[PDB]
Amino acid sequence: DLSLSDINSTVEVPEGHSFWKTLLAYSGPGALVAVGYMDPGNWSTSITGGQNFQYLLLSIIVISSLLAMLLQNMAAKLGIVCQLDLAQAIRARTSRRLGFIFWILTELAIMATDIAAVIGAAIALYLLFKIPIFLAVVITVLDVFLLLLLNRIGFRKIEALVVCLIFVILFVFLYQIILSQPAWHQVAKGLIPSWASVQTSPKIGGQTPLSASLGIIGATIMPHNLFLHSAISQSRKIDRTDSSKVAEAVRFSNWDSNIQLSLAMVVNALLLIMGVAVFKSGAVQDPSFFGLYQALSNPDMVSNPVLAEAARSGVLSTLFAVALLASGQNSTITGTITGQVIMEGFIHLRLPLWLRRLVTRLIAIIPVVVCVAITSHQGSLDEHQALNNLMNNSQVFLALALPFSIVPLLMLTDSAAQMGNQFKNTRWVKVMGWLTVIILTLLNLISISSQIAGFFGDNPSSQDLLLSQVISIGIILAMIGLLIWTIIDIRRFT
Numbered sequence: 013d014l015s016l017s018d019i020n021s022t023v024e025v026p027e028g029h030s031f032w033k034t035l036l037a038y039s040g041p042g043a044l045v046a047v048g049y050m051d052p053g054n055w056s057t058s059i060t061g062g063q064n065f066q067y068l069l070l071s072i073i074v075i076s077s078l079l080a081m082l083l084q085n086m087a088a089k090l091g092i093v094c095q096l097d098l099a100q101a102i103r104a105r106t107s108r109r110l111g112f113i114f115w116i117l118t119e120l121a122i123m124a125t126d127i128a129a130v131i132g133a134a135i136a137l138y139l140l141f142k143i144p145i146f147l148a149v150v151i152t153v154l155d156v157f158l159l160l161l162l163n164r165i166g167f168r169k170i171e172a173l174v175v176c177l178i179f180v181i182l183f184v185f186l187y188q189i190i191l192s193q194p195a196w197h198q199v200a201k202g203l204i205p206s207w208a209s210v211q212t213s214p215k216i217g218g219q220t221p222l223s224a225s226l227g228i229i230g231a232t233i234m235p236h237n238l239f240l241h242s243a244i245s246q247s248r249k250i251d252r253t254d255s256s257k258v259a260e261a262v263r264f265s266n267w268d269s270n271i272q273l274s275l276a277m278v279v280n281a282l283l284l285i286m287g288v289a290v291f292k293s294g295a296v297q298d299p300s301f302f303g304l305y306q307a308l309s310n311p312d313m314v315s316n317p318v319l320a321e322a323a324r325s326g327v328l329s330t331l332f333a334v335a336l337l338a339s340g341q342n343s344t345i346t347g348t349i350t351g352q353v354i355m356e357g358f359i360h361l362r363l364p365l366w367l368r369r370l371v372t373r374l375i376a377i378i379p380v381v382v383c384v385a386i387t388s389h390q391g392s393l394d395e396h397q398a399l400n401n402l403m404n405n406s407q408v409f410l411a412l413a414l415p416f417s418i419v420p421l422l423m424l425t426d427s428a429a430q431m432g433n434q435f436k437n438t439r440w441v442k443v444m445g446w447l448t449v450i451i452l453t454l455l456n457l458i459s460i461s462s463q464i465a466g467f468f469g470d471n472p473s474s475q476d477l478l479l480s481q482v483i484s485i486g487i488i489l490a491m492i493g494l495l496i497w498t499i500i501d502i503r504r505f506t
């Protein structure tokens, strides 16, 4: 009847005031959540953002990360204080049909992240081991056994394995930046919140600063990682009777989560400066993983003789594919964990990790093998580009399930009927939290129309455009109705 019954309140090791060892104990949840924010689903969009705007957008990344650190912390709080995840709180404070709508929506979000992971991992196999594109996907379907071995390890070593992947993809891209020797002064200048990133005038590669910046801000949080954080934050036993020990617990999970999401921010920065310093100006014409592979394997695309020699040897591209692999392994862990959370929390369905990863991976790979089938039927022509367009089109479910995850979190954590007058949110995080939630909801409701129109490709059929407008209006209005309904129920609880 409690979230993550297998590993809930497992190891509690606060030992008086020995703070840093205590920090070493529970440092896992923050890594498990942060590794999701390094998925390849936006890698290109950083590199692109670097080529179109050298170091300019870095500040935006920071801000985004900060906002992601905010809401995530709140989620952790809801897990730490209430001893229950966000899905159990929402489902407890609303009917079953809204919990089922939220269930299918979040399932579609983690399914989209799973599609990005299977595309990136399969392409990673196509690049490293030269496995055929169709075979690499059905090889990625075999991650259920990697989940079976994953199950017997334990969170003290699983949550450190996630750290291992994090520093794999972090050192892979940091190594190619160390070789680049970039002008770190311009990097520091870019990290400052300047007003050139809010303008609309450069328009390089069909992208203005305000467009790229608002895109980075819009994709700030992932809805499934909120439930994930609220569930894994409970894995440390807390008495819930000593205010100093629960306040300490909040400081604990906060410092952990910021320590890891900071690493994710560092990875995004390494991708932007990867697009600025490593690649030449405008050298990246194919945002696909294969386009970045050959672009990292062509000496004329880099801006340094050392990177030309190393690129001719073929080490940059292979490291890139390895980072693709290490990023593609995350959805096997966090996808099954979060999927269990929303499943047994929203619809009260107890399912094993076997059929979970089976169903999720299959539903994820169906459109992938359809895409590879059609493109390989056209002669394997534009197959990687179409895989990239599938990966980007999948990200609409995140915008569909984002408000129903950030609004109920902020409401339930701001109310004293769920946190109490002692552990509710400060008047500071009330303003910052509501501002961030409003901005993200607005930006995502804006993104709905752009992505739905993007489903029809770069060929604007005049008759299909009006249909895209009708469907977009219907979707955003339906999300408005669901949003005001959830607002009404939660505010009836408070």
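Residue 13 is where the sequence shown starts when you use the entry's author numbering, and the numbers rise one by one after that. C-beta atoms are modelled at their ideal positions from N, C-alpha and C, and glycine is treated no differently.
- Annotated three-state conformation of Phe-291 is strand, per DSSP.
- Around the beta carbon of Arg-168, fewer than 16 other beta carbons lie within 10 angstroms, which makes this residue exposed.
- Of the candidates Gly-53, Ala-320, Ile-102, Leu-82, the residue whose Cα lies closest to the Cα of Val-408 is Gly-53.
- By the Cβ rule, the segment 103-123 does not count as touching the segment 253-273, because fewer than three pairs are nearer than 8 Å.
- Beta bridge pairing from DSSP links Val-314 with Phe-291.
- Judged by DSSP in its simplified three-state form, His-360 adopts coil rather than helix or strand.
- Shown here, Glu-27 sits in coil according to DSSP, grouped into three states, outside any helix or strand.
- In the three-state reduction of the DSSP assignment, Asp-97 falls in the coil class.
- By the beta-carbon neighbour count (other beta carbons within 10 angstroms, threshold 16), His-389 is exposed.
- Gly-432 and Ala-101 have their C-alpha atoms some 15 Å from each other.
- Sorting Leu-98, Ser-15, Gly-91 by C-alpha distance to the C-alpha of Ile-418 places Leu-98 at the top.
- Scanning its chain for C-beta atoms nearer than 8 Å, with the 5 sequence neighbours on each side dropped, one finds around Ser-71 the residues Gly-202, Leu-203, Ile-204, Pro-205, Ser-206, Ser-209, in chain order.
- Here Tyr-67 carries a coil assignment [DSSP, helix/strand/coil].
- Shortest Cα-Cα distance from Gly-294 to any of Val-199, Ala-307, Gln-481 involves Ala-307.
- Excluding five sequence positions before and after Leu-90, the CB atoms of its chain that fall closer than 7 Å to its own CB belong to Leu-98, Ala-101, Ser-242, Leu-421, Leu-424, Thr-425, given in chain order.
- Taking the C-beta atoms as reference points, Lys-292 is found no nearer than 8 Å to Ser-269.
- Note that the C-beta distance between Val-384 and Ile-127 is not below 8 Å.
- When C-beta atoms of the segment 335-354 are compared with those of the segment 157-166, three or more pairs fall below 8 Å, so the two segments count as touching.
- Between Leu-117 and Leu-412, the C-beta spacing is below 8 Å.
- If you ignore the 5 residues before and after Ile-483, its C-beta comes within less than 7 Å of the C-beta of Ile-464, all in its own chain and listed in chain order.
- In this structure, DSSP gives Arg-248 a state outside helix and strand, which the three-state scheme calls coil.
- One alpha carbon belongs to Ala-133, the other to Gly-340, and they sit about 5 Å apart.
- For the pair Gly-40 and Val-371, the Cα-to-Cα distance works out to about 27 Å.
- In the three-state reduction of the DSSP assignment, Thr-152 falls in the helix class, which pools H, G and I.
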